[PDB]
Each structure stands twice: as structure tokens, then as C-alpha cells.
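Listed here are the chains, written in short residue letters.
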Amino acid sequence: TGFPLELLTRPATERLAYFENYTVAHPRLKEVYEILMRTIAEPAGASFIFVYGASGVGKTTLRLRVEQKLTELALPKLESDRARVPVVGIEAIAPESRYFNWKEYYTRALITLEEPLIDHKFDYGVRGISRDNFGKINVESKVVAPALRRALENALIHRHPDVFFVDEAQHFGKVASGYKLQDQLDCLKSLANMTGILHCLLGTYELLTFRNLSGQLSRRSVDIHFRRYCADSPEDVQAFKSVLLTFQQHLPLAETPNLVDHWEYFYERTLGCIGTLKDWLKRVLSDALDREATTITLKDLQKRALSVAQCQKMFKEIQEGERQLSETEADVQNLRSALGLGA
Amino acid sequence: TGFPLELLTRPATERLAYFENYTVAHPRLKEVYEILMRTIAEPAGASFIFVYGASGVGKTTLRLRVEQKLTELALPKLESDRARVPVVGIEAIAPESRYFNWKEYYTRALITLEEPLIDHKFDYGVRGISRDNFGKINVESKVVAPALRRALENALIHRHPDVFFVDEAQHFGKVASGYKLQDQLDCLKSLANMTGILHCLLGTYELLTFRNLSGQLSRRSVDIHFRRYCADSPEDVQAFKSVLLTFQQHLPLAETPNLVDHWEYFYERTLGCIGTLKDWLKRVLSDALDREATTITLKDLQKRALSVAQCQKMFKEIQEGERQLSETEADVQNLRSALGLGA
Amino acid sequence: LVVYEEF
Amino acid sequence: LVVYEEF
DNA sequence: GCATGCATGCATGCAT
DNA sequence: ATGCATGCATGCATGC
Ligand SMILES: Nc1ncnc2c1ncn2[C@@H]1O[C@H](COP(=O)(O)OP(=O)(O)NP(=O)(O)O)[C@@H](O)[C@H]1O
Ligand SMILES: Nc1ncnc2c1ncn2[C@@H]1O[C@H](COP(=O)(O)OP(=O)(O)NP(=O)(O)O)[C@@H](O)[C@H]1O
Ligand SMILES: [Mg+2]
Ligand SMILES: [Mg+2]
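Residues numbered from 1 in each chain as written, not as in the entry; some residues may be left out. Chains lettered and ligands numbered in written order. Part of a larger assembly, values for the part shown. Heavy atoms only, no water.

**Brief notes about the site of ligand 1**
As a reminder of what qualifies: Here a residue is considered near a molecule or strand provided that any single heavy atom belonging to it is located within 4 Å of it. Here a polar contact is recorded for every N or O atom pair within 3.5 Å, except that within protein the pair must consist of a potential hydrogen donor and a potential acceptor, and residues adjacent in sequence are included only if both atoms are side-chain atoms. In short, Shrake-Rupley with a 1.4 Å probe defines the accessible areas, and a residue's cover is counted only from the protein chains shown. Numbering goes from the N terminus for both helices and strands, where a helix is a DSSP run of H or I of at least four residues and a strand is a run of E of at least two. Three classes are used: nonpolar for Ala, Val, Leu, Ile, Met, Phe, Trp, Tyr, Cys and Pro, charged for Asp, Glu, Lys and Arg, and polar for all others, with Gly counted as polar.
Around ligand 1, the surrounding shell holds 18 residues, and the nearest of these are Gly56(A), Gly58(A), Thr60(A), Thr61(A) and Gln216(B). More than one chain reaches ligand 1: its neighbouring residues belong to chains A and B. A distance of 3.1 Å separates an oxygen atom of ligand 1 from a polar atom in the backbone of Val57(A). One of the backbone N or O atoms of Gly58(A) is found 3.3 Å from an oxygen atom in ligand 1. Bound to the protein, ligand 1 loses 88% of the 630 Å² it would expose on its own. Mapped by element, the contributors of at least two residues to the shell around ligand 1 are helix 3 (59-78) and helix 10 (274-291) of chain A together with helix 8 (215-219) of chain B. The residue makeup of the shell around ligand 1, split by class, is 4 nonpolar, 9 polar and 5 charged.

See below:
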């Protein structure tokens, strides 16, 4: 339907913020959102939700939208269940050392489970954990890691969040010895088991090494592939063109530039990742607003585009991820033959 | 036009200082500065920006000028809010041991964020970090690196500076044997993602090791190349000659020496980077001023020129960087052939 | 082409 | 040959 | 060079 | 017056 026409009289900051707040519900995002919401609603023994995708595919935006929707849904019964918290969302920390630091992870997990009203959770742990007469839940450095884990699991049991979000889960792969990866993820698996809290792990394709560590681990996990648009299929090309048309209609400008004809260039330098296209269009629109230009030119798009080397690197990573994530009926027939009679 | 004529009666120190403070806005620096400011104004999700410039290119002066301009821009706004710092820039510390130290990096970054209006923040949220009560921020040696990182992240998110400048960023590559090179940048990516502050990395061509480490890093980084003035193109040679002419007209002597006639020698001993040319001209101007010479002679220039052995290594490193940083239409076709893009 | 609702 | 300006 | 957990010795607050 | 008990600071010991 296009942007509101009254934004033209508004300053450039208003138009820029409006374009920032705009979002597109393209079919892959909608399908992944519905699948994730359904899986969250009934974990059914699953201890992990591996949501992974192309760099630029908009995974974090999905996490934010899911958190907002779950909070909105929980508010009517949050009016009665004071102690509960609907969603807990934290970001994994890339460690400066060779191995992931679980102590900092536990500290930040406890910090995220912070309520300014103390009466909801008066006591959090054994000692050295309570707040310092402030909303911030300060933790003494001398508190040992297993005690911190115990306090975190007790807090998780008391609060009982619907889902625990760990954004950029690929940071868990920082370790020294090769087979230590199984222990690295088994720690989180035991945490989820005792806490009885479904964990959703989001990250890029670097976490595809996290897929099939063990039979128990593969059983406990659910895979949600955030597919990026691929030109090989005309349906994806049509969806990409529709998204480009929507972005063209919704960008605040005196006249709407024809971004559809340049879909070839856009895909090339975005690899079908909608988030990258949105960021690129945001950059170009900011450039135009600074210039107070009447329209977007191809020169403007080229000026703030991604380098060919960067796009090649992302494409190589995406190709490796999709190859690792591909399934064919031949594999199914092989599995059935291994089990027995196959049809 | 040129230098003020009244400086001739002034002592040698004043003329030397006037030439030291003089700067030239040559076209390459103008383009790089425009691109840098346009990216800084609207990062649009870019966690990193990379500025690859040769030795003597002028990256540090560029940082000082953009810092000054951004501070001037944000000065009128500081009346409304006094807790905002426009720009913070720190130099990367070369490690004494084999590993880049992140504890000292975090400590220096936190020190650089000190403000006389300490009452506005009044707390960093971590034990062991406080004000010295007179003019300093003192950090305890018992404060662990994750605690320092948490304090720095809280300070950054409170202050929200427009850009975090890291000069001599190639020191991050000073790491032990192994694939820790990717982790060195992953930690910074995680920090910038949490604080939401664009990190600008400036360094020589040794920074190319960080260029395309991973798909995510390549996507969320912007590559800015500070090209030197090449000798293979007439436009670059003419710009170099114009810069030489400006320096000739702006150096305070009784009679302006003819330097454009020796442009080949200047290019030979500077490889086109005008920062080295300015430094060498400052040296020769001081040498002439110590004896009150009326003009610059070829012998004076030769007495302080860089050794050819030095310039051979300079050119080897410059060629190594420029070969990697180059792109042609063949790369675009190769990318699109790999893609589903028919063209 | 298909218009897409805000998400 | 152009007398460039100051930065 | 730093991290991190654990043990010990000393200071101090309380109770008899 | 004072003895006891606990909390904290520091060394240390191994690992990275
Ligand atoms: N569906 C969408 N519609 C509109 N804009 C989007 C959408 N998805 C992503 N974006 C834009 O892209 C930005 C980045 O999205 P994000 O979810 O961080 O992508 P990513 O590929 O997961 N990035 P990373 O943090 O490196 O994993 C958002 O903040 C929006 O500006
Ligand atoms: N545009 C300019 N105009 C005038 N002088 C300049 C200019 N650029 C550089 N210089 C001079 O050259 C010096 C060195 O520039 P700098 O920005 O430190 O280059 P660099 O290659 O980043 N140095 P480093 O990498 O530390 O060896 C400056 O301090 C000035 O004296
Ligand atoms: Mg993301
Ligand atoms: Mg320099």
C-alpha cells in the first residue's frame, strides 16, 4: 500500500526511522515463524531447537518477533501468575580465550532473569549472588561455576520460562580438543534436562557442526532451516521480486525508483538474504536523504553495495551449509533398506 | 596562494609548526573520508568497517579529522544530554607476549571512556572498577577479563558513542599458532553486537588477514581501501604532481623550490603515499631551516630520503596488499556463474 | 507480484 | 596541476 | 603472561 | 576480657 504520504513533510530522521521499523513477512520467514511458534508451544521432550540459516537471512529479527508475540500472549495470564517470565533471551559470548567461558554465560543468564521487583524471586542462590540494593543482580567473582549453575537452574525452575533463547549459538564451538564438542553441548543438554526448559539455539551455518554429535543428542534436537531464496527455482525468484517491489513501495521518497528491473544485481550482491537487502536499501535511502535526492539511482546502489569478495565468501559458506543440509529420497530409501524392506 | 608572507620574519619554530599543522585534501583522501563518514552516519547493521591503507597513507590523520568533525557535529546536541560521548578512539596495544591481550585492551578502552561528569554514570556495575576521586579511573588487578568486558559493554551501551576507533588494528593478528585468528575477530564482533557500536579498524595491509575470515564477518564488515597514487595512470600522477605543487607553495622559505621537476624522485622515495612525502618534506624543511637556507636543493632532499632497501620492502608489501584488494569483471562473472544468475 | 504485510 | 585546498 | 578453583592464615565480631 | 568461629584476602598450583 506504500508509505504514509505525510512523511514527506517530516524531516529525514523520521523517514529513516520509519523505513527502519518496516518489516516484510515474506513466505519463508512466515513459514519458519509458524514452525518455531508451534515447536515452542509444545516442546514434547525436545531439548533443543536448532534454527540456522544464511548470513543475512534475518534470524535475530525472528527471535525478537517471537519474544514479543510470546510476551503479548502471556500478559493476560501474567496478570495472575506474577512469578512467571514468558521468554528469556540472551546472546552467546565469543570468548577471548581458546575455549568458551561457561562462568560468564551463567552470570549473563542470571542477569537476564532480572526483575526489579524483588518479591517475585527473593533468593536466587546460596551466597554471593543476591542484588546489591539495586535492580542489577551483581555476582561476586569468587562464586564457583558449579554453584552458579545450580543457582541458575533453581531460578529457571522457579520462573519456568516458556523458551530460552541463545542467539549466535555458533560461539559454543570455541574449544581446544576435537571431541570436547560433545561435552560442550552436553552441558547445555543436561541444563535443559534438569531445568525442563526448551532451548532454542540460533546462529549461522557454523553451528551445522552441532547437528549430529550423538544419537541421544540428535533425538533431543529439532531442526528449523531458515531457507534463503535461491534463483534456481522460479518461485523463489518471484518471491524475491515481490519483496523488492514491497521495499520499493515502502521507502519514503518523492518518487518510487524502479527496483524491480535491477533484481539481478540485487540478488547477486545479496545472495537472496532478505536482511542484507534490507540493510543495503536502508544504506542507499540514508545516502539519498542526506543528498535530499528525488529518486534512487543505480549509481547510489553501487556506491554502498557489498564487495564481490565478501559476497563470494558468503556464497561459499551458504553452499557448504546447504550441501550439509540437503536431503534426497535416495537417503530415505537407503535408511529404509538398512532398517529392512524399503518402499 | 601559499603560506602567509609574515611568517618569514617569524622565528624558525613558528614556521616549522605552521608547516607541521598544514594538511592537503588530496582527492584520494577526500573520497575515502566521504565514504567513511557516509558509512559512519548510517552503519545499518554493519558491525565492522575496515580501512586498509599502506604505510604512509594517512590513516591516523584521517581518524583524527573524522573524530574532530564528529565531535563538532555532536557539540550542539550535548546541551540536551550530557551523558553522551560522540566518538571514542584508542590504539591497539602490541602484545609483549605472543598473544594479543584482551584484558589490557578492555582496560585501556574503559580508561578512554572516562568523563569528568562521573556523576551521570556513577556506577559501572562491576566490583573493582571505580573513580580515583580526583582525575582517574582505577581498575583492580583482581578484576577478571570477563568482568572487564561486561563493564566495558555496560559503559558503551550507556554512552552509545557513534563509532569506536581502533588504530593499528593489525595488532589483533599477533596471536599464537592455530586458527585463533578467526576467534580474535569473533570476540570483537560479539562485543560490537552487544553494545551496538560500530567498530572502525585502521591498519596496514597486514589487516588483510581479517578481511574474509567467515561469512558473517564478511557480511557485517565494510571494506574501505585507501589507495596510494599509482604511477600507471595519468590521473594519479597528475594528482601527485598537484600535491607536490601545493607543498611547494605552502612550505615557508624565502623562495619556493621547484619540486614538480623532481616528481619522479619523490615518487621513487615515497611510492605515492602523500603522508610519507609530507613527512620527508617536513624533515628537509627543518634541515634547511636550521641553517636558514633560502631554498631546498636536491642534495638536501637526498640527505634525508628513505633508503632504497626500505622502499623495496614497502613496495613488496604494497603490491601484496593491492593484489588481494583488487577486483575485475571476471570476479563478478565467476560469482554469477556459480550462482543461479544466468548472466 | 505479492504485497507483504508488516511483520 | 591544481592548487588543492586544505583539509 | 593471565584464569580459575582451592586451601590456609589472619582479622574481627560475637558470646560467655 | 577473652576465646572461638567465620568471612575475607592472598598465595598457590595447575592449566591455558
Ligand atoms: N524479514 C525481514 N524484514 C525486514 N527486514 C529484515 C528482515 N529480516 C532481517 N531484516 C533486517 O536485517 C537486519 C538484520 O537481521 P538479523 O536477524 O540480525 O540477520 P542475520 O543474518 O541473522 N544477522 P547475524 O546477527 O550476523 O546472524 C534486521 O535488523 C532488519 O533491519
Ligand atoms: N593529508 C595529509 N596532509 C598533510 N600531512 C599529512 C597528510 N596525511 C598524512 N600526513 C602526515 O604524515 C604523517 C603520518 O600519517 P599517518 O596518518 O600516521 O600515516 P600511517 O601510514 O597511518 N602511519 P603508521 O601506519 O603508524 O606508520 C601525519 O602525522 C602527517 O604529518
Ligand atoms: Mg542475525
Ligand atoms: Mg599509521
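**Topic: the protein's contact with DNA strand E**
The environment of DNA strand E is made up of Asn101(A), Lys103(A), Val144(A), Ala145(A), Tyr99(B), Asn101(B), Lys103(B), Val144(B), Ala145(B) and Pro146(B). Backbone atoms, meaning sugar and phosphate, make up 67% of the atoms of DNA strand E lying within 4 Å of the protein. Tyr99(B) is positioned with one of its side-chain polar atoms (N or O) 3.0 Å from a base nitrogen of DNA strand E. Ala145(B) is positioned with one of its backbone polar atoms (N or O) 2.9 Å from a phosphate oxygen of DNA strand E. The residue makeup of the surface near DNA strand E, split by class, is 6 nonpolar, 2 polar and 2 charged.

**Focus: the UniProt feature "binding site: Mg(2+) 4" (unreviewed entry) in chain A**
For clarity, the cut-off: UniProt positions are given in the numbering used here, feature names are shortened, and annotations may be inferred rather than shown by experiment. The criterion used for residue contact is that any of the two residues' heavy atoms lie within 4.5 Å.
According to UniProt, the "binding site: Mg(2+) 4" (unreviewed entry) feature falls on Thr60(A) and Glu168(A). On the basis of their most widely separated C-alpha atoms, the annotated residues across 109 residues gather in one place, lying no more than 8.6 Å apart. Examined against the element boundaries, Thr60(A) turns out to sit in helix 3. Along the chain, the position of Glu168(A) falls in the loop between strand 3 (163-167) and helix 6 (180-195). Leave out the neighbours within four places in its chain, and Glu168(A) touches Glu91(A), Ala92(A), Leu202(A), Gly203(A), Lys189(B), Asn193(B), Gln216(B) and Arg220(B).

**Looking at unusual backbone geometry**
All names here are of chain A. Put simply, the rule reads: Only protein chains enter the accessibility calculation, which uses a 1.4 Å probe; a residue whose area is less than 20% of its type maximum is buried, one above 50% is exposed, and one in between is partly exposed.
One non-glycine residue, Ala-44, lies in the positive phi region at around 50°. Along the chain, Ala-44 falls in the loop between helix 2 (27-41) and strand 1 (48-53). The backbone of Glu-168 sits at a positive phi, close to 55°, despite the residue not being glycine. Under the relative-accessibility criterion, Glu-168 is labelled buried at 5%.

**Let's talk about the environment of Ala293(A)**
All names here are of chain A. Here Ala-293 lies in the loop between helix 10 and helix 11 (298-303). Along the primary structure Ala-293 and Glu-255 are separated by 38 residues, whereas in three dimensions their C-alpha atoms are 9.8 Å apart. In this view, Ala-293 contacts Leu-253 and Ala-288; residues no more than four positions away in its chain are not counted.

**Thoughts on the interface of chain B and chain D**
Inclusion rule: In this description, buried area is defined as the sum, over both parts, of the accessible area (probe of 1.4 Å) that is lost when the two are combined. Counted as salt bridges are all cases of a side-chain nitrogen of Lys or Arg within 4 Å of a carboxyl oxygen of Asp or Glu.
Facing the 19 residues of chain B at the interface are 7 residues of chain D. For the pairing of chain B and chain D, the buried interface totals around 1200 Å² over both sides, and the portion due to carbon and sulfur atoms is 65%. Considering only the surface of chain B that becomes buried against chain D, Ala25(B), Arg65(B) and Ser242(B) emerge as the three largest contributors, covering 32% of it. Applying the counting criterion to the chain B and chain D interface returns 0 salt bridges. Where chain B packs against chain D, one counts 3 residue pairs in polar contact. Secondary structure elements with two or more residues in the side of chain B that touches chain D: helix 2 (27-41) and helix 9 (234-250) of chain B. The class makeup of the residues in the side of chain B that touches chain D is 9 nonpolar, 7 polar and 3 charged.

**Quick word on the site of ligand 2**
Residue and element names in this part refer to chain B. What surrounds ligand 2 is a group of 18 residues, the closest being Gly-56, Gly-58, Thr-60, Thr-61 and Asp-279. Contacts to ligand 2 include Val-57, whose backbone N or O atom sits 3.3 Å from an oxygen atom. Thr-61 is positioned such that a nitrogen or oxygen atom in its backbone is 3.0 Å from an oxygen atom of ligand 2. Within the complex, 77% of the 640 Å² of free accessible area of ligand 2 lies under protein.

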